[PDB]
């Protein structure tokens, strides 16, 4: 199968994405202080194989090697994140000049190569100093986030025009504070629900901070990892359970940012008093210029009385094709979610801010990798994007996760998502077949 991209407008944005803790390393260099992910990597058992982000791809010191990959791809845009503890290391007060200078240089270099920066402010690396004050269960953290947004926007917002406040708040809130599988490893539904609230408040305060501080008017959006939630059977119980999952995974984030309040069925499900103050709903519903869809899989849901509060469990998806971390391959789910954002939520501009897959790579001695399953996943999901556009969706671009292999959180380095292979001992990056195919597809679209 070879995807046909001609239905996409010529001003479609072709991109690829990374995040700071996953690639930068240099965790103690040039004024950086620890994040909650530094701390989590010191907890025995938290990360598969005892991996850490201490070195990762060493992109703090090897940024030109990333830029070389970006030029080889011919992407129009690069989505990367700013490390809060590199810029305001304690989360309050003093700005770390050297840290902010790094990102200033990245922006200039990208623009010199004709590549637009898409900047994520928060990609999970909360300063540990703020976690020591209660983290996202302290409303003050949202105001610290807004201050950080204003610092970064004032510095970069003459050149950076495209901004993400938070990446995947579901992961920060539910996986970081309910499941405990991501930093800070808390397992408490009440803390988790309050954290989800303060995260959404931080999003809204951050939108306002960027519009106030950027020298040129910013386009700002939230990034959410959505999954269609489908019942394992047509029993009334499974249908209802899948709808609760839909609230937990999708509507909890989309409804209040769209001005529809928090979904009443989920408020009743959680039974947690939201830490709400007058005016907060208007802040959370701050007007945005796009919505960022991260998509990897749908979720098949069954009713499950053994799961406290939620009463549902994910079960395996039925498609034969699964990635190395057992994520079902289902490109139709990407088409469907793009259309749901356009139709049900009236989204005026949608980006696929992440999509990609991890497979076992077999490099040769010079790190060349032929990755046919990663390539096929890419082509099939691009075809789903094309179908959504043909049905009227305002899809403005697509960002491949990821530019190169990197630290995949509690999985460690085992799942390689890169379009380019990374030899971690040397930092050598070598484009895989998938990345070369992506470059060919971009070129063919522009021709």
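Residue numbers count along the first chain shown, from 1.
Of 424 to 432 and 7 to 15, which one has the bigger average CA B-factor? According to the PDB entry, the answer is 7 to 15.
For the stretches 269 to 277 and 78 to 86, which has the higher mean C-alpha B-factor as given in the deposited record? The recorded data point to 269 to 277.
I'd like to know which of 321, 289, 230, 140 has the highest C-alpha temperature factor in the PDB entry. Going by the entry's C-alpha B-factors, 321 comes out highest.
Deposited CA B-factor, highest of 205, 244, 156, 347: Among 205, 244, 156, 347, the highest C-alpha B-factor in the entry belongs to 347.
Mind checking which third residue 101 falls in for C-alpha B-factor across the chain? Top third by C-alpha B-factor.
CA B-factor placement of residue 400, once the chain's modelled residues are sorted into thirds: CA B-factor rank for residue 400: lowest third.
Record-listed C-alpha B factor of residue 356: chain third: Its C-alpha B-factor belongs to the lowest third of this chain's values.
For residue 27, the third of its chain into which the C-alpha B factor falls: Lowest third.
Name the third of the chain's ranked CA B-factors that contains residue 391, choosing lowest, middle or highest. It falls in the top third of the chain.
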